[PDB]
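A.B. asks: Just passing along the structure, written as structure tokens.
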Amino acid sequence: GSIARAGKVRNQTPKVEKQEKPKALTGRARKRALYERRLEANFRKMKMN
RNA sequence: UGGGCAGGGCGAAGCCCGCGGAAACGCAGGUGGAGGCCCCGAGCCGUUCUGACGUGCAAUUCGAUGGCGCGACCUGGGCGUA
RNA sequence: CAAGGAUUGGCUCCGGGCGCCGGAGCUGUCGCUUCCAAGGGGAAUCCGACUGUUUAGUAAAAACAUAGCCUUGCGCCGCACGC
RNA sequence: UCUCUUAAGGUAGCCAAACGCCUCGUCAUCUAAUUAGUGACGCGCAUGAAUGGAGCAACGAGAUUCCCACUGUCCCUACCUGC
RNA sequence: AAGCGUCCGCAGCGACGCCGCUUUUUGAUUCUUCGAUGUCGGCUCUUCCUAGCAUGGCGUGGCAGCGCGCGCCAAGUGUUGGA
RNA sequence: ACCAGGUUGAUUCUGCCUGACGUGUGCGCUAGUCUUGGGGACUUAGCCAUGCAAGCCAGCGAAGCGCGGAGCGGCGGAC
RNA sequence: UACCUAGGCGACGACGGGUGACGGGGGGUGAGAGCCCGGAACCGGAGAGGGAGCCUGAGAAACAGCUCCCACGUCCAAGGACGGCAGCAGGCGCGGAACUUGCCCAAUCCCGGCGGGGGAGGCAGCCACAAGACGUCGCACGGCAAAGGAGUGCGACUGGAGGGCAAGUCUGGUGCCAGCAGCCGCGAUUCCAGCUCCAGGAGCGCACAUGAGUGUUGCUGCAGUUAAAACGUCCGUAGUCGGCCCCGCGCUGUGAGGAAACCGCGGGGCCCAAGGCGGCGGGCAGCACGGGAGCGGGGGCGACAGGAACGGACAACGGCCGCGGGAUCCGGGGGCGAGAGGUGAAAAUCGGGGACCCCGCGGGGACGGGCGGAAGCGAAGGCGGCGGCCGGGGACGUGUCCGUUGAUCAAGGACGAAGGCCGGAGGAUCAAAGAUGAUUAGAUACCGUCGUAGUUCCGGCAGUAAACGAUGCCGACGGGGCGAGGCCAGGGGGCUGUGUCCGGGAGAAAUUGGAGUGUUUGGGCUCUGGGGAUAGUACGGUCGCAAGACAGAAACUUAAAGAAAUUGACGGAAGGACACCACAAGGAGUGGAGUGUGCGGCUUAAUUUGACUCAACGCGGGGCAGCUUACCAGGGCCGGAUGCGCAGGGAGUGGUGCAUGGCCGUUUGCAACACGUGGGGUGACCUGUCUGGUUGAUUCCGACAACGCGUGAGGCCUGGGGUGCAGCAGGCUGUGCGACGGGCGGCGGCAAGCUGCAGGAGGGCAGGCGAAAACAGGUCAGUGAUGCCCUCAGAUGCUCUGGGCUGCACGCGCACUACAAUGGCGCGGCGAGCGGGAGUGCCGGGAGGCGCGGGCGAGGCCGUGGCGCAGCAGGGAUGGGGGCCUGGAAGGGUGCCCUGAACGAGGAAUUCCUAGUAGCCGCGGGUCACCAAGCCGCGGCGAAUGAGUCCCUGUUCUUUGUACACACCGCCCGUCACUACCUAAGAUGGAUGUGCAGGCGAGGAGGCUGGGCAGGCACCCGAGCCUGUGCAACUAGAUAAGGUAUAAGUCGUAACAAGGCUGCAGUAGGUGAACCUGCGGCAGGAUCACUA
Ligand SMILES: [Mg+2]
Ligand SMILES: [Mg+2]
Ligand SMILES: [Mg+2]
Ligand SMILES: [Mg+2]
Ligand SMILES: [Mg+2]
Ligand SMILES: [Mg+2]
Ligand SMILES: [Mg+2]
Ligand SMILES: [Mg+2]
Ligand SMILES: [Mg+2]
Ligand SMILES: [Mg+2]
Ligand SMILES: [Mg+2]
Ligand SMILES: [Mg+2]
Ligand SMILES: [Mg+2]
Ligand SMILES: [Mg+2]
Ligand SMILES: [Mg+2]
Ligand SMILES: [Mg+2]
Ligand SMILES: [Mg+2]
Ligand SMILES: [Mg+2]
Ligand SMILES: [Mg+2]
Ligand SMILES: [Mg+2]
Ligand SMILES: [Mg+2]
Ligand SMILES: [Mg+2]
Ligand SMILES: [Mg+2]
Ligand SMILES: [Mg+2]
Ligand SMILES: [Mg+2]
Ligand SMILES: [Mg+2]
Ligand SMILES: [Mg+2]
Ligand SMILES: [Mg+2]
Ligand SMILES: [Mg+2]
């Protein structure tokens, strides 16, 4: 039965929770909070992550 | 060598005309009247009733039903085959 | 005549291409091929192709015949499409 | 695939068929119910190719089953007429 | 009466064996019939038997009831329509 | 007025698939405010409890106690 | 309705069917042409459960009116009475899918002659359904029919992070599982989470549909040689298209009239915006007016339009008649005398009953060789001896005629190879089927033999081909060259066919005078294609005697299938070249025997383990008594540091060489590899790097769209021989010289070079380094080279002891010693090189021992004595007893005596080798306490034979083929067998819609009447039911056939290479199955090629 493989390998996932939230700014504020990063690298060819 | 065998039905070729077609031809309406065609009359026969009868009308008949009914027929006489 | 349906009398007319055909009207206790005469039909199977033939007197058949198909013999026959 | 054996090993077809013993075969259909009928299936006792096989258009007083309609065949008899 | 039947041989069964009865099966035989006793089934119609299916009365149960089993007496009346 | 990925060892094609965009129908997750619009058309022109949806009047004017409002009459209900 | 005409419509698509179809204003989407949608505001239509009939009224065939029928539903006191929400809310059901049983006539309007009514309608509520704008709690005010909101007024998800596609080769889990992913794809950069990041953002994702993407529907604007696709040919009607000159209609301009919404535009500070509101526009192949051109009508030309005529030619054009040719086969005669036939080889078969062969005669059918070709003709299929008849044909020539008669085609008609079918005739060859003889693993095939249909003719059917130029017809235009057509002209000429070559242009390319004049896209007409598979299959139809033909889907399934070319690889393709992991000519062998050793297997407590074709198997320098040593039985010991029992380091001959480094092997015993620049091609690529010749060599000569370089090869380095000088003492080691293929002869000549001889010590001496690319080669067991995984105290650590690595029914590799007389044994004699350390005296029979201590030499050969063909004095295996050596320890070694095995020349197979070589023969070194039958070296003796060839194996090159690219151990086809899905068939059915026809027939208007509000009668409308039937669409079904997908199992191997029988399609038959066979085609062939 391969459905016996279906649930325990789902249950083989470890559960690592969320961090404490640095409540993320929304809207034009986030569009500025990425635009600060767009000017730090002189534009192109930017490593974003 | 003679003779016998209602009446209908279906509608084959061929033909005529109309329509269609470039042509080949195709439809349609008449005409025609073929066929071991169809229903059947006289007649013939013998399917069924396993009817009647079954010391009978009759040493095989009767009735109804049925089949055939211009034929590969039936029939008188003559003749042949014992 | 696949199956299946409608109609059908009498009378009085009208029309036609007038031995007949079509139509209309009237009429009967709805009834009309009025008696007589006169197919029951459908779906299939088996067998024999068919029409025909047969056990006169228990069998009419699927049997026999048939055309077709085939084989055989025969050039001393009726003459090979022949017997 | 191997092997034995025959003159050759049943081909195309067709079938519990009028040909199947088992057998009222098995499945389907038909029915309330079917040893029947039909359609399938085929290791077919013992189907099969002019000893003709398969095939059903048409035909049939042939053999068989179902349906419709019909009916004294029956339920279940009764009455009438002639002789 | 080995065993089964919750325990329990006999409520009801009952192996292994044994004893009978019947002439409703089929044999066995060949006594009667071959100078013929019409041979299956059905239909029809009457009667008889009981080894009793129903109906009447009972006894028994591992019979609460309902039902079912087992046994007894009794042959009066019954014992169908179909594919 | 646009292409991109995908057949191959690589190539050039044909070729279709897929991505990329709008639209409307439904689903899903999510959601602070306001304005505006839409909403049992698709399947079932399926079935319907209950209430309401088309009434009105000036002619004549009864009961009832001049007021009155019944019925007749009229108009609409076919929009 | 009565009577009478025979009409009416249709490929300009009638009629019938379908529609999950109300139409339109419009909407969506695209640059546009278009495509798609319009339930939905407004307009028109239609309906009120299905129907039908009607009353009233101006208006209804009304339905929140009536009458009846039908289907559902309700109440009843059982007599009867009712219900039609496709009105508004609301409920149920349906489904993916859609709101409150709220308030009110305040606004918009309607009915009513006003006070009234209005679920029309508005307001609010519900809903992220949509558009727009903007962020990350309670008074007063305000508005409101009323309330609430607006307006003052105070106190962050959604999806993703491999590519397309923006953003992670971070962390943990998962290990082809789970899962993810539109496509490609991943199995940890793709799963599941965390983080971070990206995208859009109060929104976002998904599914479905549609548009664009798409010039993949092509009017604009495709494609049809080979990718899917020109119908076999010709005729042919509608249709569509169509020469020149010389009032009507098309077309077109403006204008009318045409609803708003909408849309386009324009304003317009609703706070902005979407808006509101106001301007202006568009729409229509209808109408009116205008229009210089175009078309008709009618004449005139007579078209490098056509038809007709004529002329001389030309013609494998057809039909028929006649003549003829030789060959195959048969009959018959004569000769001959043993075979013949047939094959890769044979067999079957016929042969003294005279075959075969030779010669004559005869009969019969079929067939035209050579000439015969990129030559002719025909519309295609097709047409080939000769003569004649009848008929036809195109081209040419022409002041001949006609004058637009034309082009192309649905429908229709005719012809149409082979095979097939029918009837008749005939039957020589060949030959499906069938039968045999072989081949083969099998062989139903290929090969041999035989043989029926058939092949042949006549009359008909059939109507198909790779019917191909895989290329429709007509027409205009477009480069040269060479040809072997026909006619004409006479002036390397013109017409018309026909090939070919080179360019242009085109094309994805191969290629191509059309496949050109194509995004600068438009000549006409017809047909076809729209990813693959299903499938040219099914159903229906038409045709056919049948075979089948024509025509022609879908369900399900799939991300590729395909084209042309490039580079490889491969080929039972051709041609080369080369080699003792080749062969010939040879030599010695191996495999046989015993032993030594290695491998497997088995056993075992363990018999550690790597490696298994060359490139595993005396290999791991692997000759193991301990150690080595990884294994087994035990015992010790903790190199378990370090950071506050845990963390973590460290260790491991534990695992993984498919995680690696390094090294080594193999391709190699090769000759290949690459760059710079330029050229060819759209490109991958090619040239350079080569036709040929040459070389061990891609070494060079040479021609060359290449030119120059670079690795490798060579040069080189070491040893070897000859001697010049120098130095010094089994003579030693420095420095040079010496050979280069130089000279000569002959081939080849820009030659490179090859080959013989002379000269010479020497004319390919032996090694060394050794390119690029690979391989899942080997090594984690060389490593203080190592990632990762596992183990770490009862250890997979280290160490000790014992055992094993040495076990043994057996299979195998490599060697050793032999089988003897070319020998063996016993003495005497002569005796090497590498290596240069070792000898000596004494004891002992030997092995060995002891003490000093600068210090070595073999088998053999020669001479000679014995044995004397014998399992023998060959052989020395096995075993017994004794003596020693090494070591802690003998299974080790050595020595002595004795025992004395197989083996009498070794099956199929198979290795190595060309001169001081093979072989024989020892010696020394590595390993080593002890030990070599091994390895690496060394010398002694010393051949045979080729001076080659690709036969066999391989490698390599050229050309070619390829459906291979994991690269032939590849790819691939079909049956069988299992499961799943789907479609068609299928006796027997089943249910629904709809239309006809008939039967019965409720009700009802009007008329005629009446117990004059009843009832009756006839007519008319007519539901509803019943029966029969048509059409449309659906479904059950025993059985049975396909298709597709399965995990791929069995059987083969049909195709791809000459795929091992060239392939393919047609047709016919046959076979388990791909398929085989016959006939005729075709090249898409393995041939562009020969009396030139
Ligand atoms: Mg007759
Ligand atoms: Mg008769
Ligand atoms: Mg008679
Ligand atoms: Mg009749
Ligand atoms: Mg009939
Ligand atoms: Mg008969
Ligand atoms: Mg008789
Ligand atoms: Mg016959
Ligand atoms: Mg059979
Ligand atoms: Mg039966
Ligand atoms: Mg019966
Ligand atoms: Mg026979
Ligand atoms: Mg028989
Ligand atoms: Mg008869
Ligand atoms: Mg008697
Ligand atoms: Mg008697
Ligand atoms: Mg509709
Ligand atoms: Mg609409
Ligand atoms: Mg093609
Ligand atoms: Mg002779
Ligand atoms: Mg032919
Ligand atoms: Mg023929
Ligand atoms: Mg014939
Ligand atoms: Mg032959
Ligand atoms: Mg068909
Ligand atoms: Mg190709
Ligand atoms: Mg040890
Ligand atoms: Mg060794
Ligand atoms: Mg082949």
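Chain labels follow the order of the structure tokens: the first chain is A, the next B, and so on; residue numbering restarts at 1 in every chain, and ligands are counted from 1 in their shown order.
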Mind checking which residues fall within 8 Å of stretch 734-742 of chain G, counting only C-alpha atoms (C1' of nucleotides), ignoring those fewer than 5 positions away in the same chain, and posting them as a list in words?

C.D. replies: residues 722, 723, 724, 725, 726, 727 and 763 of chain G

A.B. asks: Would you write out those residues with N, CA, C and O atoms (P, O5', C5', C4', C3', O3' and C1' of nucleotides), as a PDB file, in the first residue's frame?

C.D. replies:
```pdb
ATOM      1  P     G G 722      84.450  -1.644 -30.143  1.00  0.00           P
ATOM      2  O5'   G G 722      85.353  -1.412 -31.426  1.00  0.00           O
ATOM      3  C5'   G G 722      84.816  -1.568 -32.726  1.00  0.00           C
ATOM      4  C4'   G G 722      85.224  -0.428 -33.616  1.00  0.00           C
ATOM      5  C3'   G G 722      86.327   0.465 -33.082  1.00  0.00           C
ATOM      6  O3'   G G 722      87.611  -0.082 -33.315  1.00  0.00           O
ATOM      7  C1'   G G 722      84.580   1.777 -33.996  1.00  0.00           C
ATOM      8  P     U G 723      88.825   0.240 -32.320  1.00  0.00           P
ATOM      9  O5'   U G 723      89.184   1.755 -32.629  1.00  0.00           O
ATOM     10  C5'   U G 723      89.731   2.133 -33.886  1.00  0.00           C
ATOM     11  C4'   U G 723      90.015   3.611 -33.945  1.00  0.00           C
ATOM     12  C3'   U G 723      91.033   4.104 -32.921  1.00  0.00           C
ATOM     13  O3'   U G 723      91.910   5.052 -33.512  1.00  0.00           O
ATOM     14  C1'   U G 723      88.977   5.270 -32.651  1.00  0.00           C
ATOM     15  P     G G 724      93.388   5.265 -32.919  1.00  0.00           P
ATOM     16  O5'   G G 724      93.540   6.839 -32.987  1.00  0.00           O
ATOM     17  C5'   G G 724      92.422   7.598 -33.396  1.00  0.00           C
ATOM     18  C4'   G G 724      92.557   9.053 -33.072  1.00  0.00           C
ATOM     19  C3'   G G 724      93.266   9.409 -31.782  1.00  0.00           C
ATOM     20  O3'   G G 724      94.673   9.426 -31.907  1.00  0.00           O
ATOM     21  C1'   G G 724      91.241  10.575 -31.893  1.00  0.00           C
ATOM     22  P     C G 725      95.595   9.063 -30.648  1.00  0.00           P
ATOM     23  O5'   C G 725      95.372  10.263 -29.633  1.00  0.00           O
ATOM     24  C5'   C G 725      95.927  11.540 -29.891  1.00  0.00           C
ATOM     25  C4'   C G 725      95.333  12.585 -28.989  1.00  0.00           C
ATOM     26  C3'   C G 725      95.663  12.454 -27.516  1.00  0.00           C
ATOM     27  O3'   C G 725      96.952  12.915 -27.166  1.00  0.00           O
ATOM     28  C1'   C G 725      93.356  12.817 -27.751  1.00  0.00           C
ATOM     29  P     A G 726      97.769  12.157 -26.013  1.00  0.00           P
ATOM     30  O5'   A G 726      97.040  12.609 -24.674  1.00  0.00           O
ATOM     31  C5'   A G 726      97.025  13.974 -24.295  1.00  0.00           C
ATOM     32  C4'   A G 726      96.020  14.233 -23.208  1.00  0.00           C
ATOM     33  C3'   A G 726      96.206  13.418 -21.949  1.00  0.00           C
ATOM     34  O3'   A G 726      97.226  13.923 -21.119  1.00  0.00           O
ATOM     35  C1'   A G 726      93.949  13.348 -22.577  1.00  0.00           C
ATOM     36  P     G G 727      98.338  12.925 -20.552  1.00  0.00           P
ATOM     37  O5'   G G 727      97.777  12.551 -19.115  1.00  0.00           O
ATOM     38  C5'   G G 727      97.229  13.561 -18.288  1.00  0.00           C
ATOM     39  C4'   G G 727      96.233  12.996 -17.313  1.00  0.00           C
ATOM     40  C3'   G G 727      96.645  11.715 -16.615  1.00  0.00           C
ATOM     41  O3'   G G 727      97.522  11.943 -15.531  1.00  0.00           O
ATOM     42  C1'   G G 727      94.432  11.509 -17.391  1.00  0.00           C
ATOM     43  P     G G 763      75.101  -2.813 -40.719  1.00  0.00           P
ATOM     44  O5'   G G 763      73.699  -2.162 -41.072  1.00  0.00           O
ATOM     45  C5'   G G 763      73.156  -1.129 -40.259  1.00  0.00           C
ATOM     46  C4'   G G 763      72.192  -0.259 -41.022  1.00  0.00           C
ATOM     47  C3'   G G 763      71.552  -0.911 -42.244  1.00  0.00           C
ATOM     48  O3'   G G 763      70.195  -0.493 -42.338  1.00  0.00           O
ATOM     49  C1'   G G 763      72.661   1.070 -42.885  1.00  0.00           C
TER      50        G G 763
END
```

A.B. asks: Within 9 Å of ligand 25, which residues show up when you count only C-alpha atoms (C1' of nucleotides) and all ligand atoms? List them as a PyMOL selection string, please.

C.D. replies: chain G and resi 538-541

A.B. asks: Might you pull out every residue within 12 Å of residue E:54, with only C-alpha atoms (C1' of nucleotides) counted and same-chain residues fewer than 5 positions away left off, and present them as JSON, numbers by chain?

C.D. replies: {"E": [77, 78, 79]}

A.B. asks: Counting only C-alpha atoms (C1' of nucleotides) and all ligand atoms, which residue out of C:73, C:52, C:68, C:41 sits closest to ligand 5?

C.D. replies: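 Smallest distance to ligand 5 is found for C:41.
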
A.B. asks: Can you pull out every residue with an atom within 8 Å of ligand 4? Use only C-alpha atoms (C1' of nucleotides) and all ligand atoms and format it as a PyMOL selection string.

C.D. replies: chain C and resi 1-4

A.B. asks: Could you save the residues just selected, with N, CA, C and O atoms (P, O5', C5', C4', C3', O3' and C1' of nucleotides), as a PDB file, in the first residue's frame?

C.D. replies:
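This is the output file out.pdb:
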```
ATOM      1  P     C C   1     -48.708  -9.476 -53.710  1.00  0.00           P
ATOM      2  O5'   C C   1     -50.046  -8.867 -53.110  1.00  0.00           O
ATOM      3  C5'   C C   1     -50.470  -7.564 -53.486  1.00  0.00           C
ATOM      4  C4'   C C   1     -51.206  -6.837 -52.387  1.00  0.00           C
ATOM      5  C3'   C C   1     -50.539  -6.815 -51.016  1.00  0.00           C
ATOM      6  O3'   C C   1     -50.833  -5.564 -50.404  1.00  0.00           O
ATOM      7  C1'   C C   1     -52.701  -7.675 -50.810  1.00  0.00           C
ATOM      8  P     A C   2     -49.813  -4.340 -50.510  1.00  0.00           P
ATOM      9  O5'   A C   2     -48.613  -4.806 -49.599  1.00  0.00           O
ATOM     10  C5'   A C   2     -48.819  -4.978 -48.216  1.00  0.00           C
ATOM     11  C4'   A C   2     -48.133  -6.209 -47.712  1.00  0.00           C
ATOM     12  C3'   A C   2     -48.487  -6.608 -46.303  1.00  0.00           C
ATOM     13  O3'   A C   2     -49.711  -7.308 -46.218  1.00  0.00           O
ATOM     14  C1'   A C   2     -46.162  -6.630 -46.536  1.00  0.00           C
ATOM     15  P     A C   3     -50.919  -6.728 -45.340  1.00  0.00           P
ATOM     16  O5'   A C   3     -50.217  -6.204 -44.023  1.00  0.00           O
ATOM     17  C5'   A C   3     -49.801  -7.098 -43.009  1.00  0.00           C
ATOM     18  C4'   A C   3     -48.909  -6.395 -42.028  1.00  0.00           C
ATOM     19  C3'   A C   3     -49.601  -5.376 -41.152  1.00  0.00           C
ATOM     20  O3'   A C   3     -50.270  -5.958 -40.052  1.00  0.00           O
ATOM     21  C1'   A C   3     -47.670  -4.414 -42.063  1.00  0.00           C
ATOM     22  P     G C   4     -51.870  -5.909 -39.966  1.00  0.00           P
ATOM     23  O5'   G C   4     -52.215  -4.370 -40.109  1.00  0.00           O
ATOM     24  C5'   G C   4     -51.924  -3.492 -39.043  1.00  0.00           C
ATOM     25  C4'   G C   4     -51.931  -2.055 -39.479  1.00  0.00           C
ATOM     26  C3'   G C   4     -53.262  -1.489 -39.904  1.00  0.00           C
ATOM     27  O3'   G C   4     -54.142  -1.248 -38.829  1.00  0.00           O
ATOM     28  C1'   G C   4     -51.623  -0.774 -41.404  1.00  0.00           C
TER      29        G C   4
END
```

A.B. asks: Any idea what's packed within 10 Å of stretch 8-21 of chain C, counting only C-alpha atoms (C1' of nucleotides), ignoring anything in its chain fewer than 6 positions away? Could you give it as an MDAnalysis selection string?

C.D. replies: chainID C and resid 27:28 31:34

A.B. asks: Would you mind listing the residues within 9 Å of ligand 15, counting only C-alpha atoms (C1' of nucleotides) and all ligand atoms, as number ranges by chain?

C.D. replies: E: 36-38

A.B. asks: Got time to write the residues from that selection, N, CA and C atoms (P, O5', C5', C4', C3', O3' and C1' of nucleotides), as a PDB file, in the first residue's frame?

C.D. replies:
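Saved result, result-v9.pdb, follows:
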```
ATOM      1  P     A E  36     -55.379 -67.808 -31.483  1.00  0.00           P
ATOM      2  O5'   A E  36     -54.672 -66.422 -31.236  1.00  0.00           O
ATOM      3  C5'   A E  36     -53.273 -66.309 -31.421  1.00  0.00           C
ATOM      4  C4'   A E  36     -52.596 -65.615 -30.282  1.00  0.00           C
ATOM      5  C3'   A E  36     -53.488 -64.687 -29.488  1.00  0.00           C
ATOM      6  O3'   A E  36     -52.884 -64.541 -28.215  1.00  0.00           O
ATOM      7  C1'   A E  36     -51.848 -63.423 -30.545  1.00  0.00           C
ATOM      8  P     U E  37     -53.652 -65.005 -26.899  1.00  0.00           P
ATOM      9  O5'   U E  37     -54.424 -63.690 -26.492  1.00  0.00           O
ATOM     10  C5'   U E  37     -55.553 -63.726 -25.645  1.00  0.00           C
ATOM     11  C4'   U E  37     -55.690 -62.451 -24.858  1.00  0.00           C
ATOM     12  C3'   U E  37     -55.076 -61.204 -25.482  1.00  0.00           C
ATOM     13  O3'   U E  37     -55.904 -60.088 -25.185  1.00  0.00           O
ATOM     14  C1'   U E  37     -54.158 -61.555 -23.347  1.00  0.00           C
ATOM     15  P     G E  38     -56.596 -59.262 -26.365  1.00  0.00           P
ATOM     16  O5'   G E  38     -55.430 -58.343 -26.902  1.00  0.00           O
ATOM     17  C5'   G E  38     -54.998 -57.239 -26.135  1.00  0.00           C
ATOM     18  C4'   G E  38     -53.780 -56.600 -26.730  1.00  0.00           C
ATOM     19  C3'   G E  38     -53.194 -55.462 -25.921  1.00  0.00           C
ATOM     20  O3'   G E  38     -52.333 -55.945 -24.913  1.00  0.00           O
ATOM     21  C1'   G E  38     -53.406 -54.808 -28.181  1.00  0.00           C
TER      22        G E  38
END
```
